[PDB]
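Each value in this text was obtained by applying a stated rule to the coordinates, not by laboratory testing. Neighbour counts are summed over all protein chains in view; Cβ atoms, including those assigned to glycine, are modelled from backbone coordinates with ideal geometry.
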Amino acid sequence: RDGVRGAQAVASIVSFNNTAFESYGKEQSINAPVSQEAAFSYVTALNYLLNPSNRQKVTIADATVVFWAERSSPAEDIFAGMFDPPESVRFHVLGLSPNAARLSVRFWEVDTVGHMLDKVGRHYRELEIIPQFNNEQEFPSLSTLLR
DNA sequence: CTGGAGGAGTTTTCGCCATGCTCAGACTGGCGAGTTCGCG
């Protein structure tokens, strides 16, 4: 509920529980070396970002999406980007999906603006038609169309 | 002949919620000008 949705109670990104996944005679996490404090750091950061109290998380389809910058109010409006369609690093975007007890990365972007017009823009421009009344609204919501 | 055990195979413990309406008309509008053949 308060973490990655649909995954096991405790999940991990790195794990080598089965022999088929080992190589060169290594074993366990030693199969990929990382300093202990470094491992702690990013895990804590990821846990923090997952906290619902901080408005930097959103669920789309099956994948949970997390983003961060020095400010987040505009990107947070992507909530309507699907719910009701219309110095610091800027807008890292990460989307991951859950396996049974381990996580996988779906996509990864670092672009600015946050534009998704590639599909939405095409989607809307395909729907263009002159209206009948003068008081109609240009951008109908999917709910209205389906109804 | 018996041991210790490294490896292969099976069982246990882990922790455990949520998303929200709507709503209305126009308009009235006039095409074009034409010519047929002819003996034994």
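The per residue volume of the convex hull around the alpha-carbon atoms of the stretch A:48-105 is 105 Å³. Placing +1 on the Cβ of every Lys and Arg and -1 on the Cβ of every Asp and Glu, with no other charges, gives chain A a dipole of roughly 360 debye about its Cα centre. Between the residues A:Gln8, A:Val66, A:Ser35, the greatest Cα displacement towards the positive end of the dipole of chain A, with unit charges on the Cβ of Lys, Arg, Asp and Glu, is found for A:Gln8.
In terms of surrounding Cβ atoms within a 10 Å radius of their Cβ, A:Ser23, A:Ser141 rank from fewest to most as A:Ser23, A:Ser141. One compactness figure for the stretch A:98-140 is 1.97, namely its Cα radius of gyration divided by 2.2 N^0.38 Å. Sorting A:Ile130, A:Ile60 from the fewest to the most surrounding beta carbons within 10 angstrom yields A:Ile130, A:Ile60.
At 1.002 mPa s and 20 °C, plugging the Kirkwood radius over alpha-carbon pairs of the stretch A:46-147 into Stokes-Einstein gives what diffusion coefficient in µm²/s?
It diffuses with D of about 134 µm²/s by this estimate.
Ranked for footprinting exposure by Cβ neighbours inside 10 Å, fewest first, A:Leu146, A:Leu96 give A:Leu146, A:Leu96.
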